[PDB]
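Enquirer:
In PDB author numbering, the protein residues as written are 1 to 106.
Structure, rendered in structure tokens:
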């Protein structure tokens with residue numbers, strides 16, 4: 001299980017383009033809208049889980065809190081994402097046949 005930090009300038013929910021999902025250790029990135037942020041595009045990906053956010057362990061906490069801080073982010077946002085082994089996200093994927101990027105964006 002790899003883990004790195006993603007820091008980017010946050011302007012109250014916008015280019016963050018990183019659809020989060022309900023996880024036990026944090027929020028599994030269900031998706032991300034590339035082109036929104038450079039760092040994110042070069043940092044976040046599909047199949048990771050944000051277990052840390054601005055020096056705040058998102059492990060054990062619900063998703064409501066994560067969605068809130070991620071949505072209430074504004075002024076440099078450093079999120080430690082965990083990229084576990086492959087397996088989930090290949091046949092069914094977290095994002096169904098909704099739209100281009102129809103996802104839960106913060």
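All C-beta atoms, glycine included, are put in the ideal place defined by N, C-alpha and C.
1. Have a look at residue 19 and residue 34 and give me their C-alpha separation to the nearest angstrom.
2. What do you reckon, are the CB atoms on residue 6 and residue 67 nearer than 8 Å?
3. Starting from the Cα of residue 48, find the closest Cα among 79, 60 and 55 and give me that residue.
4. Is DSSP giving residue 98 helix, strand or coil here?
5. Using three-state DSSP, classify residue 65 as helix, strand or coil.
6. What residues in its chain sit with their C-beta under 7 Å from that of residue 74, if we drop five residues either side in the sequence?
7. Which term fits residue 53, buried or exposed, when burial requires 16 or more other beta carbons within 10 angstroms of its beta carbon?
Expert: In short, the structure shows the following:
1. On the chain shown, residue 19 is found 19 positions in, with the first residue counted as 1. On the chain shown, residue 34 is found 34 positions in, with the first residue counted as 1. About 11 Å.
2. By 1-based counting over the chain shown, the position of residue 6 is 6. By 1-based counting over the chain shown, the position of residue 67 is 67. Cβ atoms of residue 6 and residue 67: not closer than 8 Å.
3. For the purposes of this step, residue 48 is identified with residue 48 of the chain shown, where counting begins at 1. It is 79 whose Cα lies nearest to the Cα of residue 48.
4. What you label residue 98 is simply residue 98 of the chain shown in a count that begins at 1. The answer is coil: DSSP assigns residue 98 none of H, G, I, E or B.
5. Residue numbering aside, residue 65 sits at position 65 when the chain shown is read from its first letter. Three-state result, residue 65: helix.
6. On the chain shown, residue 74 is found 74 positions in, with the first residue counted as 1. Same-chain partners within the cutoff: 10, 11 and 12.
7. One-based indexing of the chain shown puts residue 53 at position 53. Buried, by the Cβ-count rule.
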